[PDB]
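What follows is a set of notes on a single structure, which appears directly below.
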Amino acid sequence: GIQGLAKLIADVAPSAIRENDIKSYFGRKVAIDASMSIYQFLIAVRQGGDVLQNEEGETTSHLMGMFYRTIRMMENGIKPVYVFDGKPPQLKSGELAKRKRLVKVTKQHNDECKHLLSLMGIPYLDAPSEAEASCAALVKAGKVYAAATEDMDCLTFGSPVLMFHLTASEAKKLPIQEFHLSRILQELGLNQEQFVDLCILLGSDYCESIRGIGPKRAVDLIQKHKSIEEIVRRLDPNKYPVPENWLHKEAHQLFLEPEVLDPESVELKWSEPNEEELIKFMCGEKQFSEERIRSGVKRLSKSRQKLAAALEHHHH
DNA sequence: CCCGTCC
DNA sequence: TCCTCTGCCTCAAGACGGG
DNA sequence: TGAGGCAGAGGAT
């Protein structure tokens, strides 16, 4: 994401953040970065220091998390579409390349979660590149109400609305924090292109940031000079030298014109979970408790009925 | 609440 | 002297409930 | 990985 962007918005554009009761979201569609969720589950869902697993050692922490987080959302009337990352851009790979077993999401984790989601009737999409960019595209085209993510990248990708820390709001019984991009730009007095340059200065996954430039300086410089190139000419090279081989022009273009899925091609449905196949998969292969799975499918089934009744005469 | 299980 | 940033550290990132 | 709480070294004023 963007280093410190969340903190900055709260401190400088407080009106861009609204708190709404969770009831008021009943019926709404949200886009979710599924690769980011799998990673959180692999890291946090542990016992004795190891992931949950079946007898033969296959990882199940990610299925555990995806199954119950998704059902909890549906019970609050929030309808998720999961976006899976595609091949990362060159800059992301290059920046990672420049930078206790280390957790990593594999194609196998993705495929297993895709298989679970299909048996649950939960829609998912494959982004051609960055999932957050495609999430932004779904919000922009009106296919979902918001991206539900902790990665402020979506904002840099133009997502008009972002639901921040949704699952912690659910677990702790707190209102949901909604970020409104337009309000951000209005409070900072910036346009989207200037915001992207600011985000790069704060620190992005695509490229390096100027050493000695942090949140306070970057806001002031972007407001007066309006672009990174105009800033670098005015900056004193002895005091604040830029990093060599700086790829900010390239990172700017990635944020402005990301490869994204076509949102008009997207068909979205939340269909009846397949209880018998879920049992064979989660219990027969993954050794989840059958009593717990059945209970989760029943809650998900009942969730669909309430969503359908609430939305039948109120299409979105 | 505290902290262990889930697989 | 004050403001701003950087390093270093530490922690928690899930969902849920039994006791 | 990031994000909050502190330490302190600079340039900022």
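Residue numbering restarts at 1 for every chain, and letters A, B, ... go by the order of the sequence lines.
Closest to the side chain of A/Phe41, out of C/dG14, C/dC16, C/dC5, is C/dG14.
Remark: DNA chain C takes part in the stems B:1-6 with C:14-19, C:7-12 with D:1-6, each of 3 or more antiparallel Watson-Crick or G-U pairs, criterion distances under 3.5 Å.
Legend: residues meeting side-chain hydrogen bond (donor to acceptor under 3.5 Å, both in side chains) with A/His252, ordered by chain and number and at least two apart, are A/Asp197. Qualifying side-chain hydrogen bond (donor to acceptor under 3.5 Å, both in side chains) partners for A/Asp50, counting only residues two or more places apart in sequence or in other chains: A/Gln53. Taking A/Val45 as the reference, A/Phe41, A/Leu52, A/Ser61, A/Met64 meet the side chain to side chain contact (heavy atoms under 4.5 Å, CB included) condition, with sequence neighbours excluded.
Sorted by first and then second residue, the side-chain hydrogen bond (donor to acceptor under 3.5 Å, both in side chains) pairs involving residues 153-173 of chain A (not counting sequence neighbours) are A/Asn76-A/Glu170. Residue pairs meeting the side-chain hydrogen bond (donor to acceptor under 3.5 Å, both in side chains) criterion with at least one partner in residues 300-316 of chain A, sequence neighbours excluded, are A/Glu272-A/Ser301, A/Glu272-A/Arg304. Note on residues 79-89 of chain A: pairs passing side-chain hydrogen bond (donor to acceptor under 3.5 Å, both in side chains), not counting sequence neighbours, are A/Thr70-A/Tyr82.
Interface remark: the A/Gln47 side chain does form a donor-acceptor pair with the B/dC7 base, using a distance-only criterion of under 3.5 Å.
Of all the residues in residues 221-244 of chain A, not one reaches under 4.0 Å from DNA chain B with any non-hydrogen atom. Residues of residues 278-290 of chain A having a heavy atom closer than 4.0 Å to DNA chain B, listed by number: A/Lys286, A/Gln287, A/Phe288, A/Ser289.
Rounded to whole Å, the separation between the P atoms of B/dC2 and C/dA12 comes to 13 Å.
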Using the 3.5 Å cut-off, write out each protein N or O paired with an N or O of nucleotides 11-13 of chain C and the distance between them.
none

Identify each atom pair where a protein N or O and an N or O of nucleotides 8-10 of chain C are less than 3.5 Å apart, giving names and distance.
none

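Here D/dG8 counts as south. Its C1'-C2'-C3'-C4' torsion is negative. The torsion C1'-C2'-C3'-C4' is the criterion here, and for D/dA9 it is negative, giving a south pucker.
Other residues, nucleotides and ligands contribute only 12 or fewer heavy atoms inside 6.0 Å of the CZ atom of A/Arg234.
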Let me check something: any side-chain donor-acceptor pairs from residues 22-31 of chain A under 3.5 Å, sequence neighbours excluded? List them with distances.
unit_1: A/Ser24; atom_1: OG; unit_2: A/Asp21; atom_2: O; d: 2.6
unit_1: A/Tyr25; atom_1: OH; unit_2: A/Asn20; atom_2: ND2; d: 2.9
unit_1: A/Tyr25; atom_1: OH; unit_2: A/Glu178; atom_2: OE2; d: 2.6
unit_1: A/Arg28; atom_1: NH1; unit_2: A/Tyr145; atom_2: OH; d: 3.4
unit_1: A/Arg28; atom_1: NH2; unit_2: A/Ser24; atom_2: O; d: 3.2
unit_1: A/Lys29; atom_1: NZ; unit_2: A/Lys143; atom_2: O; d: 3.2

